[PDB]
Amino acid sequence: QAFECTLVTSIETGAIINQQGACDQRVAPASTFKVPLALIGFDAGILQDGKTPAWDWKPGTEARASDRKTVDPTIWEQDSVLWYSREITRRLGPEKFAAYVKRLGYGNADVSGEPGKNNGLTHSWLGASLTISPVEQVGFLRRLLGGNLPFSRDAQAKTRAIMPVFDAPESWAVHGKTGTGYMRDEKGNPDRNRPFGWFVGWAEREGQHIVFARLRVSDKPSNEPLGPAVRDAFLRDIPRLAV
């Protein structure tokens, strides 16, 4: 159980450009969920623009030691700061959060979490219940770029605006979000020996517009976060993959 899936699709044509692997295995989105959660936050009025609201880290909430303590939506997409996402879902509540996710048609749309643990608002996108496949990531991103999601066009445009931007060889302008996670073991604990990494988003060059998702599931531990390593490998591969 260790693989890598890559799906590259033309937005204009809709046709497959490049597909490696079956691309239908569902795993937790990890922090690629910051893209649909940003859309939900902007639509609900919790998030306002790229700089509003700026929240301060509170003791007792989870964040990396390298994370910045004052976070706005733009920095939220760059750092880990799991508490920022958890504050958004807390302000939504269980019922608004579940209905929002069902309106998105995002993966299995299961944010109830683990049964008997009441962790749907804090862990569902980390491995507690919510899963999504590379083909469904692409399906969601295509709908986001076409303005077709049942969310306000203002919230959709702001979601695209805080997406991290990267430069790829051969003049490809890439907008993408990384995600790092770990498969659960028997007891339901994160397994450091089974990391997985996402890189999803879209890219443009001249007239061409593409949308992609790369997923790599490993069965050996990684010293670095796997998400950034998957992204770097994909940024190097994207000029060859898009021809």
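Numbering starts at 1 and follows the sequence shown.
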* Averaging the C-alpha B factors as listed in the entry, name the stretch that ends up higher: 67 to 75 or 112 to 120. => 112 to 120
* If you average the CA temperature factors over each stretch, which comes out higher, 143 to 151 or 124 to 132? -> 143 to 151
* Should residue 21 be placed in the lowest, middle or highest third of its chain by the C-alpha B factor in the entry? -> lowest
* **Modelled-residue ranking by C-alpha temperature factor, third containing residue 104** => highest
* Asked: By its CA B factor, does residue 238 count among the lowest, middle or highest third of the modelled residues in the chain?
  -> middle
* CA B-factor placement of residue 229, once the chain's modelled residues are sorted into thirds -> middle
* Asked: Considering only modelled residues of the same chain, in which third does the CA B-factor of residue 160 rank: lowest, middle or highest?
  -> middle
